[PDB]
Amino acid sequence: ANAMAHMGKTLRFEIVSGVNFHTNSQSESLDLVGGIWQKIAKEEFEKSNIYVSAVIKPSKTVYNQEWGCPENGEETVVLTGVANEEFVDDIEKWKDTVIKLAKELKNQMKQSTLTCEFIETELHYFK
């Protein structure tokens, strides 16, 4: 079959959020966060034509119990995405958009704190 491959230097983001909502499992909290992210990314895309996709992974975050962490860690989700040159024209505008969406997710999940990191990456995209 025919095939295409693109390679370029770009950025990926990674966000960590709590899961706060009456979910009963990591499978259920994955679906919860997935639905919320899908809605906020869609709203942004309608304004700017920039769609910020994310891969979401179940996790627990371990920190000092004296700052409120439960024993053995707090239930969290990790969201990761990339600026794919096929869909993204301007890396600075994309980065600004990711930061905006991170703050909105923090609000929707009613979180006190939230992290968002940018990491340099070499993206190969196969079709």
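The numbering used is simple: start at 1 and walk along the sequence shown. Heads up, when I say rigid core I mean the largest set of C-alphas that superpose within 1.5 Å between the two forms.
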Judged by RMS Cα deviation after a rigid core fit in 5 other deposited structures of this protein, the more variable of 110 to 118 and 21 to 29 is 21 to 29
Comparing 67 to 75 with 82 to 90, larger root-mean-square C-alpha distance from this form in 5 other deposited structures of this protein, core superposed, belongs to 67 to 75
Residues of the deposited chain absent from the coordinates between residue 20 and residue 21 total 1 to 3
Comparing mean C-alpha B factor in the record for 65 to 73 and 47 to 55, the higher one is 65 to 73
Averaging the C-alpha temperature factors as deposited, the higher value of 81 to 89 versus 56 to 64 falls on 81 to 89
Residue 109: C-alpha B-factor third of its chain, per the entry, is the highest
Quick tally, chain-level thirds of C-alpha B-factors: residue 98 sits in the lowest
